[PDB]
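J.: Got a structure for you, questions after.
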Amino acid sequence: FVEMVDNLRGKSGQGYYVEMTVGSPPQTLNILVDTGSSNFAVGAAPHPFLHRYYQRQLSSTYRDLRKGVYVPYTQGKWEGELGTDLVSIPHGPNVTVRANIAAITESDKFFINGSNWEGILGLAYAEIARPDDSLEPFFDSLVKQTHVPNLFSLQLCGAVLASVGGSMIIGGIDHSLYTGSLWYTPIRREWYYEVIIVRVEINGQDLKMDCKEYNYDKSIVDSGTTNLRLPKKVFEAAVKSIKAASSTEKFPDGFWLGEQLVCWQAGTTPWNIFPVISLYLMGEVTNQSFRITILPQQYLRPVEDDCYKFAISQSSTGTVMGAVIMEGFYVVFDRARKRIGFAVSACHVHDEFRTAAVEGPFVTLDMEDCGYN
Ligand SMILES: COc1ccc2c(c1)[C@]1(COC(N)=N1)c1cc(-c3cc(Cl)ccc3F)ccc1O2
């Protein structure tokens, strides 16, 4: 899949995008890769923040669905007009499909002033598509109309604002992109990429919470989120324990809340005083789990003296495994088998003493009880 390796770009904190073409003749757009939503929606008007936009009037293969779509979400909104058109991915499989496209005609806090992308590719399932589950998501269209296998994988590698890179392998797995074995956790339900966390440790010390708290009201794998977001009660316990383990140095409460930065003399960041963080995920087998472990190199994010933000934050919408988790791992979205694979990423940032890890098997009882209903 060498043609697809390194097909993602971005700027730090502004997400990962892939090149796509829409319409005939082809119009090239940079599109945000989002496993946390399910619409293919593209800027369709000259918003001043956009480098380019979909000009439906220039496409011979454009079809109007004569229906609007309205998409408020927690940090913004977008609105638009539904249609279909032909779509390809230049650094993806050699195929062209007819996909649903939402031509974005009004928005608020959706486009980023300074980014290089113009649309969003929602890779999640129809159940959370707007306006309803009858709007077939892109990837469903791709799989139905071609012989592209029903799976994709992401290697997110991270870095005035640093450029980031990664790979979206569409229709398979590139084994060069990880070390060790893949370990799979079941997709609990096909809406978000919902998973179940069964145990949490900070430097091997169990938080000892009712595991339902870890997944209240859901836990998801989300390439469209930067932080590791945790339910409020879990965040409180996690920070208490991370404070304790790192107490060699003291920081203000605002650091832990993301309200301020911490800085060290360039090149002297004391990675060693910060603990590793492990999430045990439901495994493939009854009473079997595995654990994924990240380093402070994943959860202390550089802000451009070396200065960092604490990139674990609280959530009222459940655990969100964003870039802080995904940049440690090669992640396989094995839609065909309703499961998500994690393996140590060949590009993850680490040091001489510790590495991001994926380890198993472990015995964990009552894992089904950890899910919220
Ligand atoms: C209905 O759900 C929606 C709808 C729209 C929507 C998003 C979700 C969102 C927010 O979280 C996720 N996963 N995608 C989302 C995320 C981002 C975004 C993602 C990253 Cl990784 C970084 C910066 C961003 F602004 C930009 C736009 C954006 O729009």
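J.: Based on the alpha-carbon gyration tensor of region 16-148 and its eigenvalue square roots a ≥ b ≥ c, which shape applies: rounded if a/c is under 1.5, prolate if not and a/b is larger than b/c, or oblate?
T.: Rounded, because the longest to shortest axis ratio a/c is under 1.5.
J.: In what sequence do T61, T286, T185 fall when counting other Cβ within 10 Å, fewest first?
T.: Fewest to most other Cβ atoms nearby, the residues stand as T286, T61, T185.
J.: Another question about this same structure. Can you pull out the GluC sites (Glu not before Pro) in region 203-254 that DSSP calls coil and that have at most 10 other Cβ atoms within 10 Å?
T.: Answer in residue order: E249.
J.: Here's something else I'd like to know. Given R₀ = 22 Å, FRET efficiency for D206-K338 by Cβ-Cβ distance, to 0.05?
T.: Using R0 = 22 Å, I get an efficiency of 0.20.
J.: Three principal axis extents, largest first, for the C-alpha atoms of the chain, in Å?
T.: Computed over the Cα atoms, the extents are 64, 48, 38 Å.
J.: If you don't mind, there's one more thing I want to ask. Loop-only trypsin sites (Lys or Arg not before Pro) in region 60-120, please: DSSP not H, G, I, E or B, and at most 12 other Cβ atoms within 10 Å.
T.: Those satisfying the criteria are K109.
J.: Just rank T21, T248, fewest to most, by other beta-carbon atoms within 10 angstrom. Each step should come with its number before you reach the end.
T.: Details: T21 17, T248 9.
Ascending Cβ contact count within 10 Å gives the list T248, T21.
J.: Can you spot the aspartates and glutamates whose alpha carbon is less than 16 Å from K67's alpha carbon? Ignore those fewer than 8 places along the same chain.
T.: Leaving aside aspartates and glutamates fewer than 8 places away in the same chain, those within reach of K67 are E79, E81, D85, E106, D132, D133, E136.
J.: So how many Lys-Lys pairs in region 149-373 land under 22 Å Cα to Cα, not counting same-chain pairs under 8 apart?
T.: Number of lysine pairs found: 21.
Coordinate-derived values only; no laboratory data. With ideal geometry, Cβ positions are generated from the backbone for all residues, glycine too; neighbour counts draw on all protein chains shown.
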